[PDB]
Amino acid sequence: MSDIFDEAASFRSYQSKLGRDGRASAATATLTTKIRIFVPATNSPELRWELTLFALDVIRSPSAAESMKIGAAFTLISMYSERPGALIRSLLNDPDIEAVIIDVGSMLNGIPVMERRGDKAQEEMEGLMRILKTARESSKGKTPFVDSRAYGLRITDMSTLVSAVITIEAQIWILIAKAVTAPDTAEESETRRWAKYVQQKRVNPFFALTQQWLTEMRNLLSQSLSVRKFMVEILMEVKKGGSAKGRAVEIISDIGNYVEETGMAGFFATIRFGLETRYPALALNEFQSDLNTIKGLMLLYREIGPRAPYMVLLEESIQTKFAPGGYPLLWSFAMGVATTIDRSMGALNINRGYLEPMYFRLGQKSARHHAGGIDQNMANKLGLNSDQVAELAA
Amino acid sequence: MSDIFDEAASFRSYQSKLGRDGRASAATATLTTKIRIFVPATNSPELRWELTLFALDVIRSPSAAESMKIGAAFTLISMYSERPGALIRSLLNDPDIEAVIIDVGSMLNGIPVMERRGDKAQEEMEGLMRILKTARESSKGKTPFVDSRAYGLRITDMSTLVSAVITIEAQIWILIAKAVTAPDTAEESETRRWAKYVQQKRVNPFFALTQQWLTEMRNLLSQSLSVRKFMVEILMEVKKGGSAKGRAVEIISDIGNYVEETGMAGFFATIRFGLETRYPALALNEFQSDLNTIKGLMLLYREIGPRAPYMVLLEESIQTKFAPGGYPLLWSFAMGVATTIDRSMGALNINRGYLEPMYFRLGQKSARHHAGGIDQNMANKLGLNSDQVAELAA
Amino acid sequence: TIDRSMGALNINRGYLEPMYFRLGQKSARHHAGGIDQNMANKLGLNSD
RNA sequence: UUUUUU
RNA sequence: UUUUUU
RNA sequence: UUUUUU
RNA sequence: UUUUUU
């Protein structure tokens, strides 16, 4: 009767937020891994330049352990800040890892431990020398930068160090946009971002890393989750306005503008196209369940919080519920109308197992052959029937 | 008159929740079985790696007693946590078994009891040696991992131990999805999940157990209920958000996303297809009783609590009332419209004794030949009669 | 007439009333489609 | 799970 | 009791 | 009194 | 990202 079909809606709403309530216990505590991070102790430009060169070499090194690579990545990311240790310690929310901040102090060819020399330090020094030697020998004499003069470059001016560091941060931060979604199909959007930032003169093109180093760093970023979590935390903190933003922070926020809502193109495309742009072909007895699921998904997305846009980057378990597969019909309709309407829509790889070609064809027809689609008109267009006819005439 | 046919609804509602009230007594207490669990006492990676290798061997062992197999499974599942004993003791709700947590301490080829050596310990040591020998001899020299180098591998780095342990937990947790529903028809969805997690780089494919070991572990999991109860409790605890989630916890929750609502495909398919997607062929004097039963089932499901989705895994007696057989007509209609609408729907084995082919045909016709199915339109589509005609034209 | 499983029940009682059994058998199939009060307005479902 | 543009 | 997809 | 399915 | 006028 009347009561049923509403009890169903309440049941689905309750099932969506079924057990996602309360607070968990500390028993489910992940084992922690020690990660050694080399941060610059002082503000001298030469020390910071040598440190970032060392971090580039370590990241490029093939014999480097994963923990050393994560340490080098953390050193690189926090290089712009005047207090990298404070930035790392105050913007770390990774239960998987524990970070031991190490102030570099002075600067040799590698790093001088300067803590009980001879006792448990010489082995670390030889290890760092081996890492550097393997990094330099692995490449065919090619420096990490696309320009050989950028590697063996002496930096003593603060402005030059700042420019080079900003360029390195920009080139690193380009990769996060398509690091886990489709790392193989990258180097096109990344090149577009690099060209955009070069044309804006925000980055000096002299310090441009080669594509081999970029591929290695992207592979490291995709393999590791702690680096992604740290960078997402940095993005969230920068997104919060209120204070003055520096050049590095502004570049990071501009990149995060592209980073947001990555890996969830299906859901947002479904929203924008199938749900909005109201077409008379919506209520047809095969889209009502999908509409209810979509509404529940919007409520869940609002409930998640500030980490919702970067759900794929943090690899949230909630992301699976957002993926198409629970609403294949409306999703297929929406991507059909998207591919017919948006030219850019159509390069997306959507050869899934629930394509529903009938509904894709229905959406394709609904986009063009359906009708002009005159929605409720606040202004009284009494004589616009001929206008609608002319618009549909194309 | 008017009063009757409502007294009937009240009678059925009261009959559904007939005697499910009050609190039971302690007289009906199941006999408890002692289960010995070997947990790592320390955090040294080599000890944990040797312990999980021992647990793999014990699970693969054919001469192992069932209690030893359950102990090995509990050791494996709680291996990721830094305090496996606390995790087991704080997440155990099995009245059938009692768990005696045993800290391993040091690590020999097997396990050193290190408690009154010679007195009631030598026999246990010989038993463990026999278990290991039988496990190694039973296989044709094949290690549990698909790679022979993964077995005799020395682990001293924490990161490598964490990666291997996470891979083992993932491969174990894949099996729970189809362990009791259709264990024989597995290895397809399990392989799909493994490929998904490999492509996401969450699991290192080097530590990939062979299919023989996976089949043995799945058989053990299906035979035993205590392991299933413990893993369901872990899933419920992880599902409760609020705290930071580690890599193991995130993988477990992502797997539990697929685990949820398993073994109850008939009921949920009936809901989604027959009840929702409102078709004019619903109220036909043979579906009203099924609708009332379905509403009562929704109320019961809401009343059950957080354990409702994993009813088949815990083998609840309430699950029988949810199974089709009490509403065969609406169920047949719903599966008919599902097989006509959803391409994936149709691989389900539904050759039951109450198929009602007439109603299945009626649902098949209702899906396509019935009508376009225009539901109540909030937007006034005065000119969409031709749109509906074109949509029905297909 | 409706439930296939219904029919294995032994109901050869002394008050079977064959006339009413036949009436029920006809009511199950030959009576009508049996459209009950429809909350949703199916104005065009006569052909359905 | 993911593969557009921005 | 259960045998899809996710 | 009872003889189905679940 | 941007390419008018004012």
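For the record, the sequence lines run as chains A, A' and A''. A prime marks a further copy of an entry chain.
Quick note: the first sequence uses the entry's author numbering, first residue 1, plus one each step.
Quick note: the second sequence uses the entry's author numbering, first residue 1, plus one each step.
Quick note: the third sequence uses the entry's author numbering, first residue 340, plus one each step.
Built from N, CA and C at the ideal position, the CB exists for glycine as well.
Item to complete: Examine chain A' for any beta-carbon lying closer than 8 Å to the beta-carbon of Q223 (chain A), and answer yes or no.
Response: Residue contact with chain A' for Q223 (chain A): present (Cβ-Cβ distance below 8 Å to some residue of chain A').
Discussion item. By alpha-carbon positions, which one of A':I318, A':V312, A':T293 ends up nearest to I304 (chain A')?
Written reply: Sorting A':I318, A':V312, A':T293 by C-alpha distance to the C-alpha of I304 (chain A') places A':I318 at the top.
Worksheet item: Taking DSSP as the reference, what is the three-state secondary structure of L56 (chain A')?
Response: Note: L56 (chain A') maps to helix in three-state DSSP.
Practice prompt. Return no unless some Cβ of chain A is closer than 8 Å to the Cβ of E190 (chain A').
Written response: Judged by the 8 Å Cβ criterion, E190 (chain A') is not in contact with chain A.
Worksheet entry | Own chain residues within Cβ distance below 8 Å of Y327 (chain A), not counting five before or after | Closer than 8 Å at Cβ, skipping near neighbours: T270, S289, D290, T293, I294.
Item to complete: Using three-state DSSP, classify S61 (chain A) as helix, strand or coil.
Response: In this structure, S61 (chain A) counts as coil in the three-state DSSP scheme.
Fill in: Pick from A:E190, A:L53, A:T75 that is closest to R136 (chain A), judged by C-alpha positions
The alpha carbon of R136 (chain A) has as its nearest neighbour, out of A:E190, A:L53, A:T75, the alpha carbon of A:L53.
Item to complete: Quick one: grab the DSSP three-state call for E98 (chain A').
Response: Reduced to three states, the DSSP call for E98 (chain A') is strand.
Discussion item. On the CB-based measure, 16 or more other CB atoms within 10 Å of its CB, does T160 (chain A') come out buried or exposed?
Written reply: Buried, by the Cβ-count rule.
Item to complete: Show which residues of chain A'' have a CB atom less than 9 Å away from the CB atom of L284 (chain A').
Response: Residues of chain A'' passing the Cβ test: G372, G373, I374, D375.
Fill in: Continuous beta strand (DSSP E) assignments of at least 3 residues falling wholly in the stretch 233-268 of chain A'
Listed in chain order, there is nothing to give.
Practice prompt. Kindly indicate if chain A contains any beta-carbon less than 8 Å away from that of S90 (chain A').
Written response: Between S90 (chain A') and chain A, the shortest Cβ-Cβ separation is below 8 Å.
Item to complete: Could you tell me if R368 (chain A'') is buried or exposed, where buried requires 16 or more neighbouring beta carbons within 10 angstroms of its beta carbon?
Response: Exposed is the call here.
Practice prompt. Taking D342 (chain A) as the reference, give the member of A:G105, A:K178, A:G274, A:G127 with the closest Cα.
Written response: Considering only A:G105, A:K178, A:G274, A:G127, the residue with the shortest C-alpha distance to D342 (chain A) is A:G274.
Worksheet item: Does the ligand MG have even one heavy atom less than 7 Å from the beta-carbon of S81 (chain A')?
Response: Among the components modelled here there is no ligand, and therefore nothing to report on the ligand MG.
Fill in: Nearest-angstrom Cβ-Cβ length linking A334 (chain A) and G363 (chain A), presumed shorter than 8 Å
In this structure, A334 (chain A) and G363 (chain A) form a Cβ contact; the two beta carbons are roughly 7 Å apart against a cut-off of 8 Å.
Worksheet item: According to a CB-to-CB cut-off of less than 7 Å, which residues of the stretch 265-283 of chain A' neighbour chain A''?
Response: Residues of the stretch 265-283 of chain A' that bring their beta carbon within less than 7 Å of a beta carbon in chain A'' comprise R278, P280, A281, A283, in sequence order.
Item to complete: Keeping to the same chain, check which residues put their C-beta closer than 6 Å to that of residue 444 (chain A); ignore five residues upstream and five downstream.
Response: The question about residue 444 (chain A) has no answer here: the residues shown for chain A are numbered 1 through 394.
Worksheet item: Leaving out the 5 sequence neighbours to the left and right, which residues in its chain are closer than 8 Å to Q15 (chain A') when beta-carbon positions are compared?
Response: Taken in chain order, the list of residues that qualify is empty.
Worksheet item: Start and end of the beta strand (DSSP E) containing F273 (chain A')?
Response: Membership of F273 (chain A') in any beta strand (DSSP E) is not indicated, and neither H nor E is assigned to it by DSSP.
Practice prompt. State the Cα-Cα distance for the pair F74 (chain A') and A8 (chain A), rounded to the nearest angstrom.
Written response: In this structure, the alpha-carbon of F74 (chain A') lies about 39 Å from that of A8 (chain A).
Practice prompt. Inspect the beta-carbon positions of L51 (chain A') and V104 (chain A') and report whether they are closer than 8 Å.
Written response: It is a contact, given that the beta carbons lie within the stated cut-off.
Practice prompt. Could you tell me which residues DSSP pairs with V39 (chain A') in its beta bridges?
Written response: When DSSP reads this structure, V39 (chain A') sits in a beta bridge with A':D103.
Item to complete: Measure the C-alpha to C-alpha separation of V198 (chain A) and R192 (chain A) and round it to an integer number of angstroms.
Response: Annotation: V198 (chain A) to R192 (chain A) spans about 10 Å, alpha carbon to alpha carbon.
Discussion item. At the level of alpha carbons, what is the spacing between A308 (chain A) and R302 (chain A)?
Written reply: One alpha carbon belongs to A308 (chain A), the other to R302 (chain A), and they sit about 8 Å apart.
Worksheet item: Which same chain residues, not among the five before or five after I374 (chain A), have their C-beta less than 7 Å away from its C-beta?
Response: Taking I374 (chain A) as the centre and dropping the five residues before and after it, the same chain places the C-beta of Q388 closer than 7 Å to its C-beta, in chain order.
Discussion item. Between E250 (chain A') and chain A, is the shortest Cβ-Cβ distance under 8 Å, so that the two count as touching?
Written reply: Any Cβ of chain A closer than 8 Å to the Cβ of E250 (chain A') would place that residue at the interface, and such an atom is present.
Fill in: Cβ separation of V146 (chain A) and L209 (chain A), assumed to be a contact under 8 Å, to the nearest whole Å
About 7 Å separates the two Cβ atoms, so the contact holds.
Practice prompt. Taking only beta carbons into account, state which residues of the stretch 12-33 of chain A come closer than 9 Å to chain A', listed in chain order.
Written response: Near chain A', meaning a CB-to-CB distance below 9 Å, the residues of the stretch 12-33 of chain A are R12, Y14, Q15, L18, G19, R20, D21, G22, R23, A24, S25, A26, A27, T28, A29, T30, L31, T32, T33.
Item to complete: Output yes if chain A' places a C-beta closer than 8 Å to the C-beta of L384 (chain A''); else output no.
Response: Yes, because at least one Cβ of chain A' sits closer than 8 Å to the Cβ of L384 (chain A'').
Worksheet item: Residues in its own chain within less than 6 Å of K321 (chain A) by CB, not counting five upstream and five downstream?
Response: Excluding positions up to five away in sequence, the list is empty.
Worksheet item: Is any beta-carbon of chain A' found at less than 8 Å from that of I341 (chain A'')?
Response: Among the CB atoms of chain A', one or more fall inside 8 Å of the CB of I341 (chain A'').
Worksheet item: For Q122 (chain A), which residues from the same chain have a beta carbon less than 8 Å from its beta carbon, with the 5 sequence-adjacent residues on both sides left out?
Response: Nothing listed; no residue qualifies.
Worksheet item: Closest to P84 (chain A) by CA distance: which of A:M114, A:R361, A:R48, A:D96 is it?
Response: For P84 (chain A), the nearest C-alpha among the options comes from A:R48.
Worksheet item: Can you give the Cα-Cα distance for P144 (chain A) and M68 (chain A), rounded to whole angstroms?
Response: Cα to Cα, the separation comes out at about 18 Å.
Fill in: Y354 (chain A'): contacting residues in chain A'' (beta-carbon distance under 7 Å)
In chain order: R343, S344.
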